[PDB]
Amino acid sequence: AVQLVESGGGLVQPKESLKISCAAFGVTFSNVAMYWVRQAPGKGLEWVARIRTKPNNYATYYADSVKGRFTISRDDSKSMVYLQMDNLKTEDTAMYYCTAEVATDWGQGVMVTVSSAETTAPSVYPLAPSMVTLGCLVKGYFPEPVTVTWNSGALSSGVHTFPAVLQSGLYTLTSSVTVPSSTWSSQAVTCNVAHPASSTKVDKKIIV
Amino acid sequence: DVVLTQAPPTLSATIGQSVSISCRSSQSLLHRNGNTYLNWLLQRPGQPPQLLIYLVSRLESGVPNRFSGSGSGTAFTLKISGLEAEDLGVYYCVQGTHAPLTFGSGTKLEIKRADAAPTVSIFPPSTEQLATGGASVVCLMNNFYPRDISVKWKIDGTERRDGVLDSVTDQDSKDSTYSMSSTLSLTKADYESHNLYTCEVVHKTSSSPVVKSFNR
Amino acid sequence: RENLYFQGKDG
């Protein structure tokens, strides 16, 4: 099974550097040109950098907006592709994806956020009041994203996680889950809130 | 770079109906090797792109029979024959015949369904938050259709508009409904100076507002 | 579709 796996990325200040990478598994990528492709939040997909194969001298090409700041490289012996991003600008903020010229296999992507604001961990508060609706208020964090699950992913249907709203440089979101009221009676109901950029992961049991 | 002109930008149809998306290329996508490297991708909210169709017409493993791709040269088509609830999201064409890879601008598919009234919930601030000197009141409106909805906050009978932040979910992949969250933020001082907190919801399913309140 | 990678694609 063919697979691409990206790593690296995170939050960085304007003018700083980041190196992201892409590990290929399951079949050689030696005979294909490789690409980094990006997607700014709420926008479409666009190529960023391109690297040819050994017979074509590993020639590299860049979108106009990153020329002279990003460098693409590949290590065929290790099935690895890399993007060195120097002199990062706020408008480089995007999910970055690695893919081959055949565009059939895609990694999970890595988020690169470029901002002069520093990380703030969220405050996580319970929302307590047939089917019962419970929730978690995830307030005052920066940057995006957070991940919210309910009972570590055991409660998956009747979950609503609302898109974050930005207000005075901080994000707020809510997540809710709707369970049979007997479930809340016997079982614990807990929201788990991960925030990669602050290295936090917090649980909130919803107490009656 | 090769320009892929994708149309329409949005689609909406009921379960069981057929829809088509067009991808039109500035250059022939037939490669000198005989293959035509035109694929269709689906992207669900907050997910990576995934392959639906590759090499014009070949169905990716796991993709339902109701998806098909066709076309040649500079004009291509994706068809969904009998939409299902889970088919919503954004569809892109992508070509790799001519380097660099380029992409259509995307088609967002929404599902038309029967009107459904919101289930409304109200939530007082938590003890934990008050302890910090802040307060937040939350009102949820769950599983309604269509998306258009109005939410208002009343404090002791007076509408409050400052400190309100609203957010609507992406359409639900199972029941094709929407949900909305409204958050009323205020100081602990402000919050304790009042008694009746009310969420008022107006949706086309009823002329009467849906009203949820608590007393502090 | 592994044969796409065997055969290759680069320009």
# chains A, B, ... in the order shown; residues from 1 in each chain; ligands from 1

$ residues_around --residues "residue 6 (chain B)" --least-positions-apart "5" --cutoff "7 Å" --atoms "only C-alpha atoms" --output "ChimeraX atom specification"
/B:22-24,104-106

$ interface_residues --of "chain C" --to "chain B" --cutoff "12 Å" --atoms "only C-alpha atoms" --output "JSON, numbers by chain"
{"C": [1, 4, 7, 8, 9, 10, 11]}

$ write_last_selection --atoms "N, CA, C and O atoms" --output "short mmCIF file (atom, residue, chain, number, x, y, z; two decimals), in the first residue's frame"
data_model
loop_
_atom_site.label_atom_id
_atom_site.label_comp_id
_atom_site.auth_asym_id
_atom_site.auth_seq_id
_atom_site.Cartn_x
_atom_site.Cartn_y
_atom_site.Cartn_z
N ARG C 1 -2.66 0.38 -9.37
CA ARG C 1 -2.06 1.64 -9.92
C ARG C 1 -0.62 1.88 -9.46
O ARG C 1 -0.05 2.95 -9.73
N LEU C 4 1.97 2.90 -12.14
CA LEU C 4 2.24 4.31 -12.44
C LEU C 4 3.61 4.70 -11.87
O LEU C 4 4.37 5.42 -12.54
N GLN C 7 6.40 2.76 -13.84
CA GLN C 7 6.58 3.37 -15.15
C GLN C 7 7.15 4.79 -14.98
O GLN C 7 7.96 5.21 -15.77
N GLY C 8 6.71 5.51 -13.96
CA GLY C 8 7.20 6.84 -13.70
C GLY C 8 6.44 7.96 -14.42
O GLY C 8 5.67 7.71 -15.35
N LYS C 9 6.68 9.18 -13.96
CA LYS C 9 6.06 10.38 -14.49
C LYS C 9 6.86 11.59 -14.05
O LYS C 9 6.90 11.94 -12.83
N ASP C 10 7.46 12.26 -15.03
CA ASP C 10 8.29 13.42 -14.73
C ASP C 10 8.39 14.34 -15.94
O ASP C 10 9.34 14.23 -16.75
N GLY C 11 7.43 15.23 -16.07
CA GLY C 11 7.33 16.08 -17.25
C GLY C 11 6.52 15.50 -18.40
O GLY C 11 5.97 14.38 -18.36
#

$ residues_around --residues "region 117-122 of chain A" --least-positions-apart "3" --cutoff "8 Å" --atoms "only C-alpha atoms" --output "mmCIF file with C-alpha atoms, in the first residue's frame"
data_model
loop_
_atom_site.group_PDB
_atom_site.id
_atom_site.type_symbol
_atom_site.label_atom_id
_atom_site.label_comp_id
_atom_site.auth_asym_id
_atom_site.auth_seq_id
_atom_site.Cartn_x
_atom_site.Cartn_y
_atom_site.Cartn_z
ATOM 1 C CA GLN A 13 7.398 34.108 13.616
ATOM 2 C CA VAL A 138 -12.766 25.914 24.418
ATOM 3 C CA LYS A 139 -11.860 29.552 24.969
ATOM 4 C CA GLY A 140 -9.035 31.964 24.261
ATOM 5 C CA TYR A 141 -6.398 30.003 22.325
ATOM 6 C CA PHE A 142 -3.875 30.755 19.623
ATOM 7 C CA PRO A 143 -3.160 29.494 16.954
ATOM 8 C CA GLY A 169 -6.314 37.722 18.490
ATOM 9 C CA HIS A 195 -3.781 22.054 21.265
ATOM 10 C CA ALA A 197 1.067 24.567 19.497
ATOM 11 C CA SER A 198 0.912 24.915 23.311
ATOM 12 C CA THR A 200 -1.472 20.863 25.981
#

$ interface_residues --of "chain B" --to "chain A" --cutoff "8 Å" --atoms "only C-alpha atoms" --output "PyMOL selection string"
chain B and resi 37+39+47-51+54+94-97+99-103+105-106+121-126+128-129+138+165-169+179-181

$ residues_around --residues "region 193-210 of chain B" --least-positions-apart "3" --cutoff "9 Å" --atoms "only C-alpha atoms" --output "MDAnalysis selection string"
chainID B and resid 115:122 124 137:139 141 144:157 182 188:190 213:216

$ atom_distance --atom1 "CA of residue 127 (chain B)" --atom2 "CA of residue 199 (chain A)"
25.3 Å

$ residues_around --residues "residue 6 (chain C)" --least-positions-apart "5" --cutoff "9 Å" --atoms "only C-alpha atoms" --output "compact mmCIF listing (two decimals) with N, CA and C atoms, in the first residue's frame"
# COMPACT_ATOMS: atom_id res chain seq x y z
N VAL A 27 6.10 1.64 -2.25
CA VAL A 27 6.53 1.52 -3.64
C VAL A 27 7.51 2.67 -3.79
N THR A 28 8.50 2.52 -4.66
CA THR A 28 9.44 3.61 -4.90
C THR A 28 8.79 4.83 -5.58
N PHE A 29 9.22 6.01 -5.15
CA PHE A 29 8.89 7.30 -5.76
C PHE A 29 10.04 7.86 -6.61
N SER A 30 11.09 7.06 -6.83
CA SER A 30 12.25 7.44 -7.67
C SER A 30 11.93 7.82 -9.09
N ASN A 31 10.89 7.24 -9.67
CA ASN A 31 10.58 7.53 -11.08
C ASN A 31 9.54 8.63 -11.24
N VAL A 32 9.15 9.28 -10.15
CA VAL A 32 8.18 10.38 -10.25
C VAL A 32 8.72 11.71 -9.74

$ decode --residues "region 66-209 of chain B" --atoms "C-alpha atoms" --output "PDB file, in the first residue's frame"
ATOM      1  CA  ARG B  66     -22.164   5.989  -8.279  1.00  0.00           C
ATOM      2  CA  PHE B  67     -19.056   8.176  -9.000  1.00  0.00           C
ATOM      3  CA  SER B  68     -17.823   8.314 -12.595  1.00  0.00           C
ATOM      4  CA  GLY B  69     -15.345  10.398 -14.584  1.00  0.00           C
ATOM      5  CA  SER B  70     -15.172  10.947 -18.331  1.00  0.00           C
ATOM      6  CA  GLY B  71     -13.772  13.361 -20.958  1.00  0.00           C
ATOM      7  CA  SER B  72     -10.606  13.599 -23.081  1.00  0.00           C
ATOM      8  CA  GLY B  73      -8.292  16.283 -24.435  1.00  0.00           C
ATOM      9  CA  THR B  74      -9.303  19.559 -22.756  1.00  0.00           C
ATOM     10  CA  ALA B  75     -12.796  18.776 -21.299  1.00  0.00           C
ATOM     11  CA  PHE B  76     -13.656  16.465 -18.436  1.00  0.00           C
ATOM     12  CA  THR B  77     -16.645  15.588 -16.317  1.00  0.00           C
ATOM     13  CA  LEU B  78     -17.296  14.078 -12.887  1.00  0.00           C
ATOM     14  CA  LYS B  79     -20.808  12.651 -12.353  1.00  0.00           C
ATOM     15  CA  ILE B  80     -22.483  11.470  -9.161  1.00  0.00           C
ATOM     16  CA  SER B  81     -25.444   9.249 -10.228  1.00  0.00           C
ATOM     17  CA  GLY B  82     -27.783   9.239  -7.220  1.00  0.00           C
ATOM     18  CA  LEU B  83     -26.391  11.529  -4.530  1.00  0.00           C
ATOM     19  CA  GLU B  84     -26.157  10.167  -0.992  1.00  0.00           C
ATOM     20  CA  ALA B  85     -25.947  12.170   2.231  1.00  0.00           C
ATOM     21  CA  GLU B  86     -22.263  11.348   2.737  1.00  0.00           C
ATOM     22  CA  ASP B  87     -21.240  12.802  -0.693  1.00  0.00           C
ATOM     23  CA  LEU B  88     -21.096  16.412   0.486  1.00  0.00           C
ATOM     24  CA  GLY B  89     -17.810  18.387   0.467  1.00  0.00           C
ATOM     25  CA  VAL B  90     -15.532  20.104  -2.063  1.00  0.00           C
ATOM     26  CA  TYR B  91     -14.504  18.401  -5.305  1.00  0.00           C
ATOM     27  CA  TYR B  92     -11.362  19.386  -7.229  1.00  0.00           C
ATOM     28  CA  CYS B  93      -9.931  18.280 -10.531  1.00  0.00           C
ATOM     29  CA  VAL B  94      -6.119  18.031 -10.711  1.00  0.00           C
ATOM     30  CA  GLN B  95      -3.843  17.453 -13.697  1.00  0.00           C
ATOM     31  CA  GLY B  96      -0.288  16.119 -13.750  1.00  0.00           C
ATOM     32  CA  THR B  97       0.149  15.641 -17.513  1.00  0.00           C
ATOM     33  CA  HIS B  98       2.035  18.952 -17.840  1.00  0.00           C
ATOM     34  CA  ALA B  99       4.328  20.065 -15.002  1.00  0.00           C
ATOM     35  CA  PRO B 100       3.584  21.799 -12.651  1.00  0.00           C
ATOM     36  CA  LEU B 101       0.493  20.104 -11.130  1.00  0.00           C
ATOM     37  CA  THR B 102      -2.473  22.426 -11.289  1.00  0.00           C
ATOM     38  CA  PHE B 103      -5.992  22.335  -9.777  1.00  0.00           C
ATOM     39  CA  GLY B 104      -9.518  23.439 -10.562  1.00  0.00           C
ATOM     40  CA  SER B 105     -10.941  25.988  -8.163  1.00  0.00           C
ATOM     41  CA  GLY B 106     -13.287  23.510  -6.498  1.00  0.00           C
ATOM     42  CA  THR B 107     -17.034  22.703  -6.417  1.00  0.00           C
ATOM     43  CA  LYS B 108     -18.862  22.665  -3.070  1.00  0.00           C
ATOM     44  CA  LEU B 109     -21.748  20.178  -3.045  1.00  0.00           C
ATOM     45  CA  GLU B 110     -24.596  20.737  -0.611  1.00  0.00           C
ATOM     46  CA  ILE B 111     -27.591  18.509   0.009  1.00  0.00           C
ATOM     47  CA  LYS B 112     -31.171  19.729  -0.276  1.00  0.00           C
ATOM     48  CA  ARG B 113     -33.490  18.132   2.325  1.00  0.00           C
ATOM     49  CA  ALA B 114     -36.803  18.757   4.134  1.00  0.00           C
ATOM     50  CA  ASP B 115     -37.059  21.731   6.522  1.00  0.00           C
ATOM     51  CA  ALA B 116     -36.254  20.719  10.115  1.00  0.00           C
ATOM     52  CA  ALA B 117     -36.729  22.829  13.262  1.00  0.00           C
ATOM     53  CA  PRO B 118     -33.762  23.546  15.606  1.00  0.00           C
ATOM     54  CA  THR B 119     -33.404  21.779  18.993  1.00  0.00           C
ATOM     55  CA  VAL B 120     -32.323  24.571  21.309  1.00  0.00           C
ATOM     56  CA  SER B 121     -30.156  24.355  24.476  1.00  0.00           C
ATOM     57  CA  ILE B 122     -28.939  27.006  26.904  1.00  0.00           C
ATOM     58  CA  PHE B 123     -25.891  26.752  29.191  1.00  0.00           C
ATOM     59  CA  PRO B 124     -24.987  29.035  32.153  1.00  0.00           C
ATOM     60  CA  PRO B 125     -21.312  29.882  32.853  1.00  0.00           C
ATOM     61  CA  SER B 126     -19.267  27.202  34.650  1.00  0.00           C
ATOM     62  CA  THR B 127     -18.001  27.764  38.242  1.00  0.00           C
ATOM     63  CA  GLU B 128     -14.432  27.331  36.928  1.00  0.00           C
ATOM     64  CA  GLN B 129     -14.787  30.270  34.507  1.00  0.00           C
ATOM     65  CA  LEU B 130     -16.507  32.605  36.984  1.00  0.00           C
ATOM     66  CA  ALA B 131     -13.629  31.906  39.397  1.00  0.00           C
ATOM     67  CA  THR B 132     -11.411  33.631  36.770  1.00  0.00           C
ATOM     68  CA  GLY B 133     -13.595  36.778  36.565  1.00  0.00           C
ATOM     69  CA  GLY B 134     -15.097  36.021  33.131  1.00  0.00           C
ATOM     70  CA  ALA B 135     -18.508  34.701  32.095  1.00  0.00           C
ATOM     71  CA  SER B 136     -19.806  32.989  28.973  1.00  0.00           C
ATOM     72  CA  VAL B 137     -23.373  31.958  28.200  1.00  0.00           C
ATOM     73  CA  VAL B 138     -23.836  29.455  25.381  1.00  0.00           C
ATOM     74  CA  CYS B 139     -26.870  28.698  23.251  1.00  0.00           C
ATOM     75  CA  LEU B 140     -26.941  25.732  20.861  1.00  0.00           C
ATOM     76  CA  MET B 141     -29.287  25.207  17.923  1.00  0.00           C
ATOM     77  CA  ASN B 142     -29.019  21.645  16.721  1.00  0.00           C
ATOM     78  CA  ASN B 143     -29.927  19.830  13.504  1.00  0.00           C
ATOM     79  CA  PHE B 144     -31.985  22.373  11.591  1.00  0.00           C
ATOM     80  CA  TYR B 145     -32.579  22.994   7.896  1.00  0.00           C
ATOM     81  CA  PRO B 146     -32.297  25.313   5.938  1.00  0.00           C
ATOM     82  CA  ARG B 147     -29.106  27.015   7.151  1.00  0.00           C
ATOM     83  CA  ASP B 148     -30.662  30.505   7.580  1.00  0.00           C
ATOM     84  CA  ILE B 149     -31.446  31.147  11.253  1.00  0.00           C
ATOM     85  CA  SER B 150     -31.606  34.118  13.643  1.00  0.00           C
ATOM     86  CA  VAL B 151     -30.403  34.071  17.274  1.00  0.00           C
ATOM     87  CA  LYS B 152     -30.810  36.843  19.835  1.00  0.00           C
ATOM     88  CA  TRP B 153     -29.813  37.250  23.467  1.00  0.00           C
ATOM     89  CA  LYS B 154     -32.034  38.944  26.045  1.00  0.00           C
ATOM     90  CA  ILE B 155     -30.822  39.849  29.543  1.00  0.00           C
ATOM     91  CA  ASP B 156     -33.704  40.664  31.993  1.00  0.00           C
ATOM     92  CA  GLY B 157     -35.819  41.368  28.858  1.00  0.00           C
ATOM     93  CA  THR B 158     -33.306  43.678  27.106  1.00  0.00           C
ATOM     94  CA  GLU B 159     -31.568  42.499  23.919  1.00  0.00           C
ATOM     95  CA  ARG B 160     -27.779  42.275  24.225  1.00  0.00           C
ATOM     96  CA  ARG B 161     -25.651  42.454  21.052  1.00  0.00           C
ATOM     97  CA  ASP B 162     -22.064  43.230  22.167  1.00  0.00           C
ATOM     98  CA  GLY B 163     -19.905  40.230  23.180  1.00  0.00           C
ATOM     99  CA  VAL B 164     -21.860  37.751  20.988  1.00  0.00           C
ATOM    100  CA  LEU B 165     -19.989  35.291  18.759  1.00  0.00           C
ATOM    101  CA  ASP B 166     -21.865  32.960  16.421  1.00  0.00           C
ATOM    102  CA  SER B 167     -20.650  29.854  14.519  1.00  0.00           C
ATOM    103  CA  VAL B 168     -22.408  27.440  12.160  1.00  0.00           C
ATOM    104  CA  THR B 169     -21.290  23.841  11.469  1.00  0.00           C
ATOM    105  CA  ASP B 170     -20.615  22.367   8.028  1.00  0.00           C
ATOM    106  CA  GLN B 171     -23.628  20.430   6.769  1.00  0.00           C
ATOM    107  CA  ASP B 172     -23.964  17.061   8.581  1.00  0.00           C
ATOM    108  CA  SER B 173     -22.820  13.981   6.527  1.00  0.00           C
ATOM    109  CA  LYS B 174     -25.511  11.773   7.968  1.00  0.00           C
ATOM    110  CA  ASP B 175     -28.734  13.876   8.180  1.00  0.00           C
ATOM    111  CA  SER B 176     -27.777  16.895   5.944  1.00  0.00           C
ATOM    112  CA  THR B 177     -28.735  19.379   8.707  1.00  0.00           C
ATOM    113  CA  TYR B 178     -26.816  22.347  10.182  1.00  0.00           C
ATOM    114  CA  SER B 179     -26.141  23.372  13.768  1.00  0.00           C
ATOM    115  CA  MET B 180     -25.225  26.708  15.291  1.00  0.00           C
ATOM    116  CA  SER B 181     -23.509  27.886  18.463  1.00  0.00           C
ATOM    117  CA  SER B 182     -23.957  31.342  20.003  1.00  0.00           C
ATOM    118  CA  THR B 183     -21.688  32.523  22.806  1.00  0.00           C
ATOM    119  CA  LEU B 184     -22.474  35.532  24.991  1.00  0.00           C
ATOM    120  CA  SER B 185     -19.350  36.834  26.760  1.00  0.00           C
ATOM    121  CA  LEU B 186     -19.404  39.357  29.644  1.00  0.00           C
ATOM    122  CA  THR B 187     -17.581  40.246  32.902  1.00  0.00           C
ATOM    123  CA  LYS B 188     -18.344  38.424  36.170  1.00  0.00           C
ATOM    124  CA  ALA B 189     -19.577  41.791  37.554  1.00  0.00           C
ATOM    125  CA  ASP B 190     -21.958  42.228  34.589  1.00  0.00           C
ATOM    126  CA  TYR B 191     -23.149  38.613  34.776  1.00  0.00           C
ATOM    127  CA  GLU B 192     -23.991  38.769  38.482  1.00  0.00           C
ATOM    128  CA  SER B 193     -25.819  42.102  38.101  1.00  0.00           C
ATOM    129  CA  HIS B 194     -28.637  40.395  36.107  1.00  0.00           C
ATOM    130  CA  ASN B 195     -31.066  37.462  36.545  1.00  0.00           C
ATOM    131  CA  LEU B 196     -32.870  36.202  33.427  1.00  0.00           C
ATOM    132  CA  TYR B 197     -30.702  35.044  30.532  1.00  0.00           C
ATOM    133  CA  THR B 198     -32.601  34.187  27.358  1.00  0.00           C
ATOM    134  CA  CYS B 199     -31.737  32.695  24.003  1.00  0.00           C
ATOM    135  CA  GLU B 200     -34.305  33.502  21.309  1.00  0.00           C
ATOM    136  CA  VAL B 201     -34.231  31.520  18.007  1.00  0.00           C
ATOM    137  CA  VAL B 202     -36.232  32.276  14.829  1.00  0.00           C
ATOM    138  CA  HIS B 203     -36.175  29.659  11.987  1.00  0.00           C
ATOM    139  CA  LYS B 204     -38.516  29.388   8.963  1.00  0.00           C
ATOM    140  CA  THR B 205     -40.039  26.141  10.376  1.00  0.00           C
ATOM    141  CA  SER B 206     -42.081  28.284  12.796  1.00  0.00           C
ATOM    142  CA  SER B 207     -43.354  31.809  13.139  1.00  0.00           C
ATOM    143  CA  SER B 208     -43.010  31.550  16.946  1.00  0.00           C
ATOM    144  CA  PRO B 209     -39.447  31.940  18.276  1.00  0.00           C
TER     145      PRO B 209
END
